[PDB]
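**Q** Take a look at the following structure, please.
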Amino acid sequence: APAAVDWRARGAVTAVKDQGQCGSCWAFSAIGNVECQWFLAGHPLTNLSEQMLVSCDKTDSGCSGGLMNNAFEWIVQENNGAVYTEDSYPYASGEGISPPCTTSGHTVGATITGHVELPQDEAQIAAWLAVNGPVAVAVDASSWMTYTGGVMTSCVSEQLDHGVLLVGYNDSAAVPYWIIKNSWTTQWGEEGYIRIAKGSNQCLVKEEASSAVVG
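Residue numbers (PDB author numbering): 1 to 78, 78A to 78C, 79 to 89, 89A to 89C, 90 to 103, 105 to 136, 139 to 149, 151 to 156, 156A, 157 to 167, 167A to 167D, 168 to 193, 198 to 212.
Written out as structure tokens, the structure is:
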């Protein structure tokens, strides 16, 4: 467990995306994770499709929400472990409506063999992230609407309602923090990112952590 780690420094993270008026946060979390795991598996950084999940993942509810864990299992058990590139399946749920699932005319950008659920302990999550890469986590984002920048030292931690990507941490700073990639455009937060205090379960960050396994 290093003092600090930022996967962005290793070019293992893609640019911040926009989910629009669609509650597809879970999809962006799951995909953001796969993209990073794919890269770390010795493959070029490739933008994958969230739309594939929103439109085709029938074990979740597209714009009405879903679970990263269900998304992972769907990819493996229903789509032969394939994840299409974003180029082949562009995002079109910005207006809040998801177009029907299209079974063809897409290219596979990545493949996963399964997923692991991380223990509900920030220290353990950090140790894993430091070696294996970015992890998908659920948080309470009720107080995130007013986030403009800086390390959030106080976060409403009551109910999980948002999915995000954990890209790093810094234990050497005055206030140890987590580095989180959000999907609300670069206009929000620190260029699409947010930093929350680490070690006190801010926003319930340790409750639902998981990652896909490339294999």
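Built from N, CA and C at the ideal position, the CB exists for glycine as well.
My understanding is that residue 129 touches residue 164, with C-beta atoms under 8 Å, so please give their C-beta distance in whole angstroms.
**A** On the sequence shown, residue 129 is found 134 positions in, with the first residue counted as 1. On the sequence shown, residue 164 is found 167 positions in, with the first residue counted as 1. 5 Å between Cβ atoms; contact.
**Q** Mind the definition here: the segment 52-62 touches the segment 110-125 only if three or more C-beta pairs lie below 8 Å; say whether that holds.
**A** Touching, no.
**Q** State the Cα-Cα distance for the pair residue 75 and residue 99, rounded to the nearest angstrom.
**A** Here residue 75 refers to the residue found at position 75 when the sequence shown is read from its first residue. Here residue 99 refers to the residue found at position 105 when the sequence shown is read from its first residue. Going from the Cα of residue 75 to the Cα of residue 99 covers about 17 Å.
**Q** Check whether the Cβ of residue 81 lies closer than 7 Å to any Cβ atom in chain C.
**A** Absent from the structure is chain C; it holds one protein chain and no more.
**Q** Whose C-alpha, out of 209, 103, 26, is nearest the C-alpha of residue 112?
**A** Position 117 of the sequence shown holds residue 112. Of the listed residues, the one whose Cα sits closest to residue 112 is 209.
**Q** So, is residue 151 buried or exposed, given that buried needs 16 or more other C-beta atoms within 10 angstroms?
**A** On the sequence shown, residue 151 is found 153 positions in, with the first residue counted as 1. Counting Cβ neighbours within 10 Å, residue 151 comes out exposed, since fewer than 16 surround it.
**Q** Between 27, 192, 144, which lies nearest to residue 63 when the distance is taken from Cα to Cα?
**A** Start at 1 with the first residue of the sequence shown, and residue 63 comes out as number 63. Ranking 27, 192, 144 by Cα distance to residue 63 puts 27 first.
**Q** Near residue 178, which residues of its chain fall below 7 Å by C-beta distance, leaving aside the five closest residues on each side in sequence?
**A** Within the sequence shown, numbered from 1, the residue matching residue 178 stands at position 185. Within the same chain, residue 178 has close Cβ partners 16, 18, 185.
**Q** Flag this pair as yes or no: are the beta carbons of residue 175 and residue 202 separated by less than 7 Å?
**A** By 1-based counting over the sequence shown, the position of residue 175 is 182. By 1-based counting over the sequence shown, the position of residue 202 is 205. Not a contact, by the Cβ cut-off of 7 Å.
**Q** Hey, could you find the ends of the alpha helix (DSSP H) residue 127 is sitting in?
**A** For the purposes of this step, residue 127 is identified with residue 132 of the sequence shown, where counting begins at 1. Looking at the DSSP string, the run of the alpha helix (DSSP H) that includes residue 127 is 117-127.
**Q** Can you tell me whether residue 1 is buried or exposed, with buried defined as 16 or more other CB within 10 angstroms of its CB?
**A** Against the sequence shown, residue 1 aligns to sequence position 1. Residue 1 should be labelled exposed.
**Q** Give me, in chain order, the residues of the same chain whose beta-carbon lies closer than 8 Å to that of residue 68; leave out the 5 immediate sequence neighbours on both sides.
**A** On the sequence shown, residue 68 is found 68 positions in, with the first residue counted as 1. Same-chain partners within the cutoff: 26, 29, 30, 33, 131, 133, 160, 205, 207.
**Q** Give me the Cα-Cα distance between residue 125 and residue 167B, rounded to the nearest whole angstrom.
**A** Your numbering for residue 125 matches position 130 in the sequence shown. Your numbering for residue 167B matches position 172 in the sequence shown. Their backbone Cα atoms lie some 15 Å apart in a straight line.
**Q** Sorted by chain position, which residues of the same chain lie with C-beta nearer than 7 Å to residue 71's C-beta, five sequence neighbours on each side aside?
**A** Numbered from 1 along the sequence shown, position 71 holds the residue referred to as residue 71. Excluding residues within five positions, the ones whose Cβ falls inside 7 Å are 26, 27, 30, 53, 57, 60.
**Q** Measuring CA to CA, which of 23, 22, 36, 20 is closest to residue 7?
**A** Counted from its first residue, the sequence shown places residue 7 at position 7. For the residues 23, 22, 36, 20, the minimum Cα distance to residue 7 belongs to 36.
**Q** So, is residue 11 buried or exposed, given that buried needs 16 or more other C-beta atoms within 10 angstroms?
**A** The residue you call residue 11 lines up with position 11 of the sequence shown. Answer is exposed; the Cβ neighbour count stays below 16.
**Q** With respect to the beta strand (DSSP E) encompassing residue 40, which residues constitute its N-terminal and C-terminal limits?
**A** Counting from one through the sequence shown, the residue named residue 40 turns up at place 40. Taken as a continuous stretch (DSSP letters only), residue 40 belongs to no beta strand (DSSP E), being part of the alpha helix (DSSP H) at 25-40.
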